[PDB]
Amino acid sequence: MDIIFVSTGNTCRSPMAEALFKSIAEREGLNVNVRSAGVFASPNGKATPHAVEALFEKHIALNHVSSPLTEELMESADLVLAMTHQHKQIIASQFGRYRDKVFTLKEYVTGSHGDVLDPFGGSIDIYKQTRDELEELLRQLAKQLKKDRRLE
């Protein structure tokens, strides 16, 4: 029931995923704790302006503080969903004890190997396309988690 989304900087995809998923899960009455982290994150970080603007259009306020992935986070998580395969492997090399909870978002939800590509430095339309890709995956993730008895 404790889910963590992980990207590189924890400024774009992963905070977007966390905010979109919180919104979706609350609509559906899922019992989840949602967090996000970055494998190379410098905290004190806000989400990027385009990430914030992309969610703002969907009436979601992306108020976020960037955070590094910690051993404490890895331990409390039931599921760790990485944006790309490279993230998955980086997490696995640093937190090998917890590899069994780490999957890419696309592989966990769709069964397909695929990455959620980095929008950083891109235009607002790049971010809106990332938002839309994420929302689709996350709506499916929400329906799937409904069947997980770990939701208590």
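For every residue, the number given is its place in the sequence shown, counted from 1.
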Task: Of 19-27 and 132-140, the one with larger mean CA B-factor - done: 19-27
Open item on the list: I need to verify one thing: averaged over C-alpha atoms only, is the B-factor higher for 53-61 or for 35-43?
Closed with: 35-43
- [ ] Kindly indicate the residue among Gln86, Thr48, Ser93, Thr110 with the greatest C-alpha B-factor in the PDB record.
- [x] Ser93
- [ ] Within this chain's modelled residues, let me know which third the CA B factor of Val6 belongs to: lowest, middle or highest.
- [x] lowest
- [ ] Comparing against every modelled residue in the chain, figure out the third that the C-alpha B-factor of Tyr98 lands in (lowest, middle or highest).
- [x] highest
